[PDB]
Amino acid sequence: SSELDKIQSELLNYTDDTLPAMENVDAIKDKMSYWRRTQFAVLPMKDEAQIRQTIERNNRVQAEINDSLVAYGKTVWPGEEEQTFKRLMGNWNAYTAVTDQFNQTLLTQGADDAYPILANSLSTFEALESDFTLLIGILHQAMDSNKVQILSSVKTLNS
């Protein structure tokens, strides 16, 4: 019975913890990348109302990413995931500080003065990108470790 409970607990961990975590981080990263793209798409814009509308929309998307990250942080496991996510959050705070300055300059001075904020803060943004990519790798590893253990336990049952 302790054998079956081991397999059932590892299946549950895989299906209800690991896979959701991976699906969620994948989706946050895709959203952040789209969000980043939108910050460059607002610069060629010429109508001020269209510019403000896009910034308001992107701030909503920023708040969704942030809420998703805060929610994810409550679930992180000690070790590589916690340390990686702690760093990711620091770089997220950094880039949203850049983004606040970018939005403010775009709306009060124009795209020509706002673009350099993006062009010159690449170290800040790539650090955030890199952390997402490391976190996804941790979860990819967890997915594979889960599978290996599930398969191994099917053996112990003598099945």
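Quick note: we count residues from 1 along the sequence shown, nothing fancier.
The question of which stretch, 92 to 100 or 110 to 118, has the higher mean Cα B factor is settled in favour of 110 to 118.
Taking the mean C-alpha B-factor of each stretch as recorded, 48 to 56 and 63 to 71 are not equal, and the higher mean is that of 48 to 56. In the deposited entry, the Cα temperature factor of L134 sits in the middle third of values across the chain's modelled residues. Among all modelled residues in its chain, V148 ranks in the lowest third by Cα B-factor.
In the PDB entry, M22 places in the lowest third of its chain by CA B-factor.
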